[PDB]
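Shown next, in structure tokens, is the structure this report addresses.
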Amino acid sequence: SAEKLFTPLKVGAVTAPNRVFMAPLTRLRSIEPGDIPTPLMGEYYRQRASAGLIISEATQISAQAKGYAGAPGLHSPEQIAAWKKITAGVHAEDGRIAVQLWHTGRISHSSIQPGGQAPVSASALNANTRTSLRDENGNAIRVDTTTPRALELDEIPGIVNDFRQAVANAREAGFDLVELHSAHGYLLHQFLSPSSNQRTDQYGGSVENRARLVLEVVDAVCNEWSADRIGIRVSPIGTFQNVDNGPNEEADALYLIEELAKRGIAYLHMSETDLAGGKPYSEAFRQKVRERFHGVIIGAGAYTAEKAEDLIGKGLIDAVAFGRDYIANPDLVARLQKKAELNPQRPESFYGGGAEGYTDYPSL
Ligand SMILES: Cc1cc2nc3c(=O)[nH]c(=O)nc-3n(C[C@H](O)[C@H](O)[C@H](O)COP(=O)(O)O)c2cc1C
Ligand SMILES: C[C@]12C=CC(=O)C=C1CC[C@@H]1[C@@H]2C(=O)C[C@@]2(C)[C@H]1CC[C@]2(O)/C(O)=C/O
């Protein structure tokens with residue numbers, strides 16, 4: 001029963017009974033055509049309802065936002081109807097669930113874009129990585145990303161509106177909170193990073209300009225619903241999927257965080273490392289972040305329970321989001337509380353497929 005990991009925490013409009021959160025995890029098992037959540041996905045989330053808070057797999061705010069075959073959306077009536085069943089399942093088990101909303105930007109492929117056209121981004125620069133599509137048999141396959149088209153200035157308001165509309169849809173779908181995906185090299189992060197943003201208008205250049213889009217989105221969704229329903233995920237230190245954070249990452253991160261604090265949003269979710277190597281956050285930096293944000297702070301990235309307890313005990317973060325351990329342990333909370341062994345992970349089934357390696361992992 002660790003120490004503080006199993007104590008309640010007020011997270012915006014809801015109250016988590018523990019600080020063991022389920023990180024957003026793309027599993028690519030949605031129905032196509034339609035990018036529709038499935039009953040299987042509903043079962044998967046229901047099995048993990050004991051989490052202090054479940055943060056859903058990244059979900060499209062629009063069809064244009066799609067970058068992976070199998071990722072769900074929250075823009076169509078069918079998607080809203082399917083998500084409604086999933087959130088109800090989680091609530092039936094007394095859990096809480098937030099929907100992570102994204103626009104993949106340049107991490108996409110023309111074959112899954114509307115009209116088969118090139119994807120969009122801050123600038124016309126290829127992501128230089130491989131996204132996941134589906135072959136003729138419906139199996140996940142890695143394919144090089146398509147070079148994007150730079151969004152025209154007059155197209156930006158539309159992007160902001162898509163985020164706003166998706167949040168309105170999330171409210172109807174029964175989600176408890178929404179998490180804006182402003183990390184890991186996706187659209188919002190593409191604007192935030194100098195490496196992927198070479199714009200010469202007000203959306204490029206200074207950190208103020210680079211953060212303009214994400215802050216416009218934050219304001220739009222706070223106005224649409226309520227600030228205490230809004231969370232945001234950032235990965236401001238280091239490099240993620242080829243997108244770094246510039247030569248002044250620390251200062252730029254604090255600027256963004258101070259701006260986010262002004263909106264009084266529910267939480268700040270910090271993704272500290274990418275799947276590969278990554279420089280550890282200094283306690284000094286954590287302190288700088290803590291004193292600038294007055295909401296819940298969630299730490300994530302190869303966390304150990306011990307590390308979570310250490311940082312929560314030091315008053316630097318409030319909760320921890322576990323990714324892969326949640327894939328393999330539906331009842332991770334109980335296991336960590338009883339200090340029980342965990343099920344082994346099967347990475348081969350992280351993406352695509354069906355029930356195997358998804359609803360496959362037993363609870364105690
Ligand atoms: C299979 C897989 C899918 C992921 N999908 C997402 C996602 O959709 N959105 C996101 O922000 N991060 C995503 N991540 C990152 C996780 O949220 C988490 O931060 C990461 O797994 C590192 O923590 P861990 O060591 O506890 O797994 C993904 C990671 C994995 C392994
Ligand atoms: C975890 C991840 C990272 C951050 C995020 O927000 C969402 C995801 C889900 C998809 C993952 C992605 C990666 O880290 C890169 C992967 C693993 C991709 C699927 C195929 C992939 O693009 C890879 O094979 C390219 O090398």
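All residue numbers in this chain count up from 1 along the given sequence. In each ligand, atom 1 is the first atom listed, and ligand 1 is the first ligand listed.
- Looking at ligand 2, you won't find any N or O of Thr26 less than 3.5 Å from one of its N or O atoms.
- Note: no N/O pair closer than 3.5 Å links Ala23 and ligand 1 by distance alone.
- Ranking the protein heavy atoms by distance from atom 2 (C) of ligand 1 puts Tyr351 OH, 3.6 Å first.
- Remark: minimum distance from atom 14 (N) of ligand 1 to any protein heavy atom is reached at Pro24 O, 3.5 Å.
- Using modelled atom types and a 3.5 Å distance limit, the side chains of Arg27 and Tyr44 yield a donor-acceptor pair.
- Between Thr7 and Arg19, the side chains place a donor N or O and an acceptor N or O closer than 3.5 Å (distance only, hydrogens not considered).
- Using a 4.0 Å heavy-atom cutoff, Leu25 is listed among the residues neighbouring ligand 1.
- Nearest non-hydrogen protein atom to atom 10 (C) of ligand 1 is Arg233 NH1, 3.2 Å.
- Residues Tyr186 and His181 come closest through the heavy atom pair CD1-NE2, 3.4 Å.
- Side-chain polar atoms of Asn126 and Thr145 form a donor-acceptor pair below 3.5 angstrom.
- A donor-acceptor contact under 3.5 angstrom links the side chains of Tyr45 and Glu57, judged on distance only.
- Taking distance alone, with nitrogen or oxygen atoms compared against 3.5 Å, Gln100 approaches ligand 1 more closely than that limit.
- Side-chain atoms of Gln47 and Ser363, non-hydrogen and from C-beta on, never get closer than 4.5 Å to each other.
- With a heavy-atom cut-off of 4.0 Å, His181 touches ligand 1 through its side chain alone.
- Closest protein heavy atom to atom 17 (C) of ligand 2: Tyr351 OH, 3.7 Å.
- In terms of polar-atom proximity, defined here as any N/O pair under 3.5 Å, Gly323 does make such a contact with ligand 1.
- With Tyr361 as the aromatic partner, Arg346 meets the cation-pi criteria of under 6.0 angstrom to the ring centre and within 45 degrees of the ring axis.
- In this structure, a donor-acceptor pair under 3.5 Å is absent between the side chains of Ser110 and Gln113.
- Below 3.5 Å of separation, one finds an N or O of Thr26 facing an N or O of ligand 1.
- Residue-to-ligand polar distances place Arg324 within reach of ligand 1: an N/O pair is separated by less than 3.5 Å.
- There is no protein heavy atom less than 4.0 angstrom from atom 20 (C) of ligand 1.
- Ligand 1 has no N or O atom lying under 3.5 Å from any N or O atom of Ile327, backbone or side chain.
- Of the protein's non-hydrogen atoms, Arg142 CD, 3.4 Å is the one closest to atom 24 (O) of ligand 2.
- With no hydrogens or angles considered, no side-chain donor-acceptor pair links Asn161 and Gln165 at under 3.5 Å.
- Nearest to atom 23 (O) of ligand 1 among the protein's heavy atoms is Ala302 N, 3.4 Å.
- With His184, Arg130, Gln100 as candidates, the residue nearest to atom 20 (C) of ligand 2 on a non-hydrogen basis is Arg130.
- Side chain to side chain, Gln60 and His75 fail the donor-acceptor criterion of an N or O pair below 3.5 Å.
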